[PDB]
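**Student:** when you get a sec, could you give me coordinates for this:
(11 chains)
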Amino acid sequence: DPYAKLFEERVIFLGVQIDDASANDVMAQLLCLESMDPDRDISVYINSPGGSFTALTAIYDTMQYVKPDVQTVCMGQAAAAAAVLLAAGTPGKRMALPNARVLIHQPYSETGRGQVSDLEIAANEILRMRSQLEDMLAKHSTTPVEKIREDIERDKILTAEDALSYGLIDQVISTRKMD
Amino acid sequence: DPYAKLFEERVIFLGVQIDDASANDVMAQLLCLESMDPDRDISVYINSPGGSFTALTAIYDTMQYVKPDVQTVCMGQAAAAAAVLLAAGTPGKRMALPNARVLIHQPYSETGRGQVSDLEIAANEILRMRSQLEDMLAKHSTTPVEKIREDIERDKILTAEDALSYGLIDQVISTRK
Amino acid sequence: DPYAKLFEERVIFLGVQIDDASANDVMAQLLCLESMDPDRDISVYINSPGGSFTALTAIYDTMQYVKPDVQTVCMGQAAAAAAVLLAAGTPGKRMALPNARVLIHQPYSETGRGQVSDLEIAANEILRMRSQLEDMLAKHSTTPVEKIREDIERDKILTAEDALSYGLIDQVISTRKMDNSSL
Amino acid sequence: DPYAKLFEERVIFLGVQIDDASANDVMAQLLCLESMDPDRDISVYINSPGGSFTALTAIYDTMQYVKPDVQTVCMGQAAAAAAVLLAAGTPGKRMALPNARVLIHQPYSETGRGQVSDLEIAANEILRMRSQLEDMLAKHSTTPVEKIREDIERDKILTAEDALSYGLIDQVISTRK
Amino acid sequence: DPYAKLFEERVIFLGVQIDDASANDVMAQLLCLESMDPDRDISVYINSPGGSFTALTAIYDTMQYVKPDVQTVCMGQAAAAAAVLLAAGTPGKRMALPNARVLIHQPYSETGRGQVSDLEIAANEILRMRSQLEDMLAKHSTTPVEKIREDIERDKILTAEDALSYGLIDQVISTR
Amino acid sequence: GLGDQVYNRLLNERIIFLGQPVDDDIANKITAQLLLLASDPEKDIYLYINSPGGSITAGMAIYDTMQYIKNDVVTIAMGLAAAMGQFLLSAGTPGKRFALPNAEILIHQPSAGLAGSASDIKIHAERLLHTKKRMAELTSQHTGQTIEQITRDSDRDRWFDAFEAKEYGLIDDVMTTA
Amino acid sequence: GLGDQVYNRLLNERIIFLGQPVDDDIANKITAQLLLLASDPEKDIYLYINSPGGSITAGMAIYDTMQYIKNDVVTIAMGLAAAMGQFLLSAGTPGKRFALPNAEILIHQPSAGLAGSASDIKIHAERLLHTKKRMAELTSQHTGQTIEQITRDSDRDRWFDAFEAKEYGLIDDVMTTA
Amino acid sequence: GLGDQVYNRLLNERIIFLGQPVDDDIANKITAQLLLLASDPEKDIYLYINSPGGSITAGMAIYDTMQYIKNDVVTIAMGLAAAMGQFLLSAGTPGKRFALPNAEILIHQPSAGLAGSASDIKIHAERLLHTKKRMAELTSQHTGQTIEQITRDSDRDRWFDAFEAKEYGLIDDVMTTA
Amino acid sequence: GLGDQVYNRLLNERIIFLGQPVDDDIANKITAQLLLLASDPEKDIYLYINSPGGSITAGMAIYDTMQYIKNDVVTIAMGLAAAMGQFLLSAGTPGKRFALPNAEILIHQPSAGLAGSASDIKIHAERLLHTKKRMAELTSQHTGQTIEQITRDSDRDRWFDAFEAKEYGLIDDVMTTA
Amino acid sequence: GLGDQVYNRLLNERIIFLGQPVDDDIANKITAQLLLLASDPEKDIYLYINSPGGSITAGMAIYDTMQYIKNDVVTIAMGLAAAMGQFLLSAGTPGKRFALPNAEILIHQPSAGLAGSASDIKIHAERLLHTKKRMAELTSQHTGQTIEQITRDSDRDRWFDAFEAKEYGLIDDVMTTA
Amino acid sequence: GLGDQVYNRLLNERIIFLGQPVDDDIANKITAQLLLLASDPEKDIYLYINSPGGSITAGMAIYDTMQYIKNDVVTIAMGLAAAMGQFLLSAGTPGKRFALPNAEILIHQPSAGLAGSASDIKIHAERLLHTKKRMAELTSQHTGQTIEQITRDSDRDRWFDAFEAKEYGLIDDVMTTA
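**Tutor:** Numbers count the residues shown, from 1 in each chain, chains lettered A, B, ... in the order given. Shown next is the protein structure:
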């Protein structure tokens, strides 16, 4: 079982849509890794297309609360919440594969049939979510918040070099022989 | 699996909606945890979006009956019944993450086709459940019952600091220094 | 369990459509095999009818990243993305079955309804992915990039010897051959 | 279960239609059997109603590649792909049960909606598949190739004795010796 | 599970429809049971409402191949393929329960849309299958082949005594 | 086809049909026919009921439109004429309500459903209370029975033939021939 | 298409058809046709039956309409006349009920279903008992047979032909040629 | 069939119906009927309302068409007039808005849904707020109450019969007969 | 239905009703009506719009048909005139484009989808860009604002009621009470 | 209906529409209309095209009918003339093919999937190649742009915008206000 | 209504269409039209087959009607004449069978499906062989080719253009501006 061996070396895979079950599993694994060793690095690999905002906030808070440094590595794609999780790693320890893509855009949501007051409350809530999103993106990046708002207006796709210049990641690792 | 370990150190997740199966499992784990050790604390972490009222009442009664102190932690969100379980923990040991939310609103329900008398009985039960809900909310909160009645008329979303000011929790986690 | 026996001998077997779960499993297995021994070769057997592009890219990067040499064996067919993986093996160790085919074509994709700006962004992304695929196919082969661009316009099917002439593979296996055994 | 034992004495069952997963499992078992003992023959039992052409070619290649001799037994029926798999065994070791049917016909395929160029490319591909299939049938049989061309125009069903005379079966087993 | 136990008491059930998977399972079980002891008999219990003809043929040839005697017991019903399988046992070992029904009828087939030549080939094949079925029913029973051919024109149901008079079974067992 | 012609020709004879369950469309059609026949005031209108019930609001609209015109309405019952069909049967001009000998009648309380939030559920519950008690009052007024008597009787399904209908007060006579 | 004008003409020569299972729609059709043709009190009406059954209420409405008018009705069986079809066939005026020589007549007591609470189930059960006795006595009266004999014969699914139909009393004569 | 002819002749006299939920095609047909009747600028048009409401824009089109013509419009509520049906009922000329004694009237705030990105959701939400306040101000102007009182009243659904409807300014008078 | 004759009679007065999700069928109907009315050149053609938009290629055919004929087109808007329905409303002759009070108008950019290989996607995307710029330049030409102003305004979503639509240039004047 | 009436009145003016995808029944309808109009030989027929194309054989039937009669056909493109609708657009008499200013024209190769046995697949593939070559040479003859150029331009979808179609030779003139 | 009207005039002009797959309904249609036109024995009937085949029995019915009415039947192929439609194409009187220049024709052996017991399978198979032989010999009789030539050409499939069909003998001549 390769996943068990990976977990034995403090490595966590996130290659599924970010929902409640996956968030709970990730948080439980993070708590176990902290309990077994509170002062050694934890590696998180991201290959997910995105997910719900509440699970994203839960995972982000769990990563921030847990004190050992978290090294985030992007392998395939990191879109929406996956980009935020990738940028939420320890500075200097955020990496991406040479051929990878990072996708950022403003949140999208659906609501059911309802009266105007409920719709207004939902609109206020989603605007609050979006504002929290720009705050989270600006905190862990080297880009002004106004540029963040202008960029995440539509779908923004960045390669490894574009992400490195954009501040989400810190290194592009080519091979193993060439350190 | 991490779940087995966290259960070894007395941890219960609530990551699904509140229904008969989840409530029954909560009963089983709470009773077993009390039997194994009635001295240490029991931790309940909630990430539920809501659920039925009967499971709400049953789980609340079980938590109250279980004499060891129960800590409650809101990790991702707490809507409807989940907020009630968040407030139903041992006072002084109710926690919420920084970027978390708590949602409270009056219960929603539907009834099948039937005669007027059955609909009246169902409506009376619905009003009784609602009254029990605001009574249980005022019991574990520092706000006046009239304020709760007026606020839960429609949905209400509060941040961690707003929940702390409202009396739902006691501490807002920041980080592990 | 034959698959466990194959894995213990350092053979990674890919016989399903390439998606996120399969890519994650392949990357985990490759990392574990590299950790076990950074010197012995790793064998990858390909019987996949293509798949997604991001999973292809992740698998390709993981194959190029690991220290040991990768020995690719085309086995059945390699339809859309599996052909690139077959051509991405260590040079000189990319072989194929005799009665096997390798197919190559430009990527196919579709998008949901949206405004014109979103469609323009999606088209730009798809063109970028197509150019990346052409670059990867040109790097790991012999024919010039212009020939690749002309060929991948429509579905191009190559036999074992056709692939060998194209440069995607290096050898075609015929029958089991004993070692010299000369003491 | 009997399946594990039959594997232990170097016998592989092919009882489901020829697809990617079944071919992959069969060739993995063939490789393991060759590794464990490179001299004892491997017995393959054919009870499948045909399958895909790519899996056919993969199994045929991995069966011709292995050093040990392949002993093929037709059991119940062997149609289309199964017929080629049965006839691809080691000469003098391809036998069938007394009552059995071997069905041979030209490949059948469906092509999705597309432009004319794609359709003619697919037509060239299916013609190449048919040519390869008839050449493989001719190589492992005494029947002349043109006879096979005219025979596989429609469905051709042969009994055990008909297959024996055709050049696909070496002998017919009746009772244990 | 009782199935594995009754397997080491050398009893094999055929209580499901006679298809490719069940046929392969039964054939493998027969081969293994012959391997374990090539001298003791093998018991085959039949409770199946018929099945495909290819599975019938495969199981018939497998039973006819091995030395160990195939002792066939029938409970409840044995229709179409099951009747032939029951009648295919070794002589003196074909017995059935008192109120058990055995149904015999000509094969039923269905084909999709096709040209005239394909339909003609399919008709020839189904006629050949019916002829083979009549041949086995004649060679494994006492009734002459002409009466068997006339009887399978329409579905015929026989009791244990009727089956014994027909010649498919040897004796009727009620209580040990 | 033929139905349209025969219905039109019977409409030329001031005859109105109320077959099939009552709904908004049939209510609008019946209202249109009543408003058309109201053009000549010194005539009578014959109405035939074979409906197993229908919508509450549509039935109230039909009943009030019937009360609106000055023309006397003769209700005739055949088949089932249950629920709202019974209510419209007994809502005709006094002394001009008839049922055929083999014509059943059924009486029971209204039925509905509730869904939504607690406050909306309570509002709808009190609205259903108002509607049900109004129905009981109108039935007692038209039939001449006691409000409490009808309220107690209409707790479950209650069945009558023509006779128990006429001695009950739902109808005024039973027509055997012309 | 052709049905419209062929039915118009057949109505012009006073011919009525019931060639389908009886429901509310065809019940209203037959009632409207009978009411329209009742404008002429001296000429008779002809009605044919080719039906496998129908609903009880629609049959009762049609029967009541038939006995309401003064005009004589000739019911002619046209093959299958089962359940309610034969009852409407035998409901015609005496001496004017006919069946085709190759006709099928079937009688059986009605069938229904129950759903709801126990009290409601009991109410519908007693309703079904009353309507079954209603039907049994009505067909005993019309066919001239005793109640017990009719009840005994109606429990199972006894079939008949034209000859047995007239000797049993279901029909009065077998019409062949004109 | 009959509905077409009766609606045609009622439209010929003075009458227009709204006996179904408000939507695009019914609004177009009502607008066409009003425009056709506006050719003669002296007689008034009677409009009957029986509908549970409908789309906002179609009701707005009907209301604007009613205000565009100089002909007087007499709105009569029958059976039910809820949500936009009430709004069109009260949109008639002052002193000629009526309801039936058994009619019911319901008022509540509009409802809708949201979908899309955050910017589009915000734009749609502000559009909905503007529409809601526009409806509040128009219903306050046409009913006679204050804006803020109507705003408090239209938070949950509220019911009325003819009497508090007429003293609430929703309708002007109630006729039991013509 | 009544709609057919009422539409025929109103079309006899050179009044054209529009407003549905615009597709090929309604566009063909409108073009046929315009061609038929183009027989008399010196009479105006009134065209009423209440639609949520539709396909681009059909509305462009309608626009070309209107610009083809000599007859002046007077466009009237009510309720909702959104998406490319706004374009067709603004396509009318200058000084003859009006909107009723409380009539909503909406502008936004076109929408489409993608499917196929890279080459086909590129070709269709460039075609979509050309269509979008053509729509923007035509809207700028008709309204009077600059191309860049329309491009900036019609990016996400933009709403209008009568008066700011009038001052913007989409509507020449707002008419009420003739 | 209204559409039927306007189509009849336009057919009286020798105007034909093709505002739907081409298939069997519409091609039969167009052929019937052309044969009916071919009674008078010295008159010309206007044919409006707005279609995304359709079946090959139906369009060949329409084209053969167009080339069969002695009457001249004036083809007018509105909306779009995509795929084979363009083919029928360019099939008009020389000097009498036109497109409206805002018209888009699309050209691409035929596409029709195949399935079956190997020999049947071969036969269908060679027929597809033969009909593709036939279409290429036919459109080359009708546009005068050689055969190799047409085959090169038919590999993928190509778009033309009135004037581009004019210079390419697909049409003869871009009509304005007549 | 337009299609029915143009078909009315074409039938008045003695023109018949078969532009759809052949089944029992269209077989009755064609037989009815041919029988109606057979009242004139001195005139001929024009037939316009373009269909992808159909049912065997319907084609036999139409063929027998063609050989029965004694009138000259002029048969024209316009689009695709395949399977049974091809046989109807050659069923016309000699010297009066035509195909348009771009018309394309198909011939192939019959196809069907069988299910049931072995005796039923044998009976159906021998009937299929018999009807295949009948089709082959009828085709060899109508077209000047021997039975063996047809039975080998129709073994799998065969296509024809206009001139290849003309030289093969399927038709008599092609039209061009005739």
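**Student:** can we go C-alpha only for contacts and neighbour counts from here?
**Tutor:** OK.
**Student:** buried set for stretch F:4-22?
**Tutor:** F:6-8, F:10, F:14-22 (16 or more other C-alpha atoms under 10 Å in any protein chain shown).
**Student:** helices of the chain, residue ranges please.
**Tutor:** Let's take chain A. A:2-8, A:20-36, A:53-65, A:81-87, A:116-139, A:145-151, A:160-166 (DSSP state H).
**Student:** not quite, go with chain F.
**Tutor:** F:2-11, F:24-37, F:56-68, F:84-89, F:118-143, F:147-153, F:162-168.
**Student:** columns distance to chain J on top of those, output as CSV?
**Tutor:** Formatted as CSV, those follow (distance: least, C-alpha to the nearest C-alpha, whole Å):
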stretch, distance to chain J
helix F:2-11, 20
helix F:24-37, 23
helix F:56-68, 32
helix F:84-89, 38
helix F:118-143, 44
helix F:147-153, 53
helix F:162-168, 49
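**Student:** in JSON lines, list those helices along with distance to residue B:136.
**Tutor:** Shown next, in JSON lines, are these (distance: least, C-alpha to C-alpha, whole Å):
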{"stretch": "helix F:2-11", "distance to residue B:136": "64"}
{"stretch": "helix F:24-37", "distance to residue B:136": "46"}
{"stretch": "helix F:56-68", "distance to residue B:136": "40"}
{"stretch": "helix F:84-89", "distance to residue B:136": "45"}
{"stretch": "helix F:118-143", "distance to residue B:136": "17"}
{"stretch": "helix F:147-153", "distance to residue B:136": "39"}
{"stretch": "helix F:162-168", "distance to residue B:136": "53"}
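**Student:** winner for burial among those helices?
**Tutor:** A comparison of the helices of chain F by mean neighbour count, using mean count of other C-alpha atoms under 10 Å in any protein chain shown, puts helix F:84-89 on top with a mean of 25.
**Student:** centre of the chain to that helix, how far?
**Tutor:** Centroid separation for helix F:84-89 versus its chain: 2 Å, with C-alpha atoms, centre = their mean, to the nearest Å.
**Student:** list the helices and strands it packs on?
**Tutor:** strand F:45-50, helix F:56-68, strand F:73-79, strand F:105-107 (3 or more C-alpha pairs under 8 Å, 6 or more residues apart in numbering or on different chains; DSSP states H and E).
**Student:** from residue B:43, how far off is residue A:34?
**Tutor:** Counting by C-alpha to C-alpha, to the nearest Å, the gap between residue A:34 and residue B:43 amounts to 17 Å.
**Student:** comparing those two, which residue is more hemmed in?
**Tutor:** residue B:43 (21 against 18; other C-alpha atoms under 10 Å in any protein chain shown).
**Student:** wait, the more buried one sits on residue B:9?
**Tutor:** No - the pair residue B:43 / residue B:9 is not scored as a contact, 9.0 Å apart, by C-alpha atoms under 8 Å.
**Student:** follow-up on the earlier one: dump the helices and strands packed on helix F:84-89 to a markdown table, plus distance to chain H.
**Tutor:** Formatted as a markdown table, those follow (distance: least, C-alpha to the nearest C-alpha, whole Å):
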| stretch | distance to chain H |
| --- | --- |
| strand F:45-50 | 16 |
| helix F:56-68 | 4 |
| strand F:73-79 | 14 |
| strand F:105-107 | 21 |
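**Student:** export those to a markdown table and tack on distance to residue H:137?
**Tutor:** Compiled in a markdown table, the helices and strands packed on helix F:84-89 are given as follows (distance: least, C-alpha to C-alpha, whole Å):
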| stretch | distance to residue H:137 |
| --- | --- |
| strand F:45-50 | 45 |
| helix F:56-68 | 29 |
| strand F:73-79 | 44 |
| strand F:105-107 | 46 |
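**Student:** quick one: closest of the ones you listed to residue I:35.
**Tutor:** Closest approach to residue I:35 among the helices and strands packed on helix F:84-89 is made by helix F:56-68 (45.1 Å; C-alpha to C-alpha).
**Student:** what residue in chain A comes nearest to chain K?
**Tutor:** The minimum distance from chain A to chain K, using C-alpha to the nearest C-alpha, falls at residue A:113 (42.3 Å).
**Student:** er, chain F actually
**Tutor:** Counting by C-alpha to the nearest C-alpha, chain F gets nearest chain K through residue F:1, at 18.8 Å.
**Student:** where does chain A get nearest to chain E, residue-wise?
**Tutor:** residue A:1 (30.2 Å).
**Student:** does residue F:176 touch residue F:103 like I think?
**Tutor:** No - using C-alpha under 8 Å, residue F:176 is not in contact with residue F:103; the gap is 11.4 Å.
**Student:** of these two, which one has the most company?
**Tutor:** Neighbour totals were compared for residue F:176 and residue F:103, and residue F:103 leads with 23 against 15 (other C-alpha under 10 Å).
**Student:** let me know the closest of the buried residues of stretch F:4-22 to chain H.
**Tutor:** So of those, ranked by how close each gets to chain H (C-alpha to the nearest C-alpha), first place is residue F:8, at 6.5 Å.
**Student:** find the nearest non-adjacent residue to that closest one, please.
**Tutor:** Distance criterion C-alpha to C-alpha, 6 or more residues apart in numbering or on different chains; nearest residue to residue F:8, sequence neighbours excluded, is residue H:2 at 6.5 Å.
**Student:** could you double-check that that neighbour sits in contact with residue F:7?
**Tutor:** Yes - applying C-alpha under 8 Å, one finds residue H:2 in contact with residue F:7, separated by 7.3 Å.
**Student:** which residue is nearest the centroid of chain A?
**Tutor:** The centroid of chain A falls nearest to residue A:85 when counting by C-alpha atoms, centre = their mean (1.4 Å).
**Student:** and if you look at chain F?
**Tutor:** With distances taken as C-alpha atoms, centre = their mean, the residue of chain F nearest its centroid is residue F:88 (1.4 Å).
**Student:** distance of that one from residue F:82?
**Tutor:** Residue F:88 is 10 Å from residue F:82, by C-alpha to C-alpha.
**Student:** what bridges to the closest residue to chain A within chain F?
**Tutor:** The nearest approach of chain F to chain A comes at residue F:116, 10.7 Å away (C-alpha to the nearest C-alpha). Following DSSP bridges, residue F:116 is listed with bridge partners residue B:109.
**Student:** count the residues that sit near it.
**Tutor:** 14.
**Student:** doesn't residue A:99 make contact with residue A:173?
**Tutor:** No - contact status for residue A:173 versus residue A:99: not in contact, 9.9 Å apart, counting by C-alpha under 8 Å.
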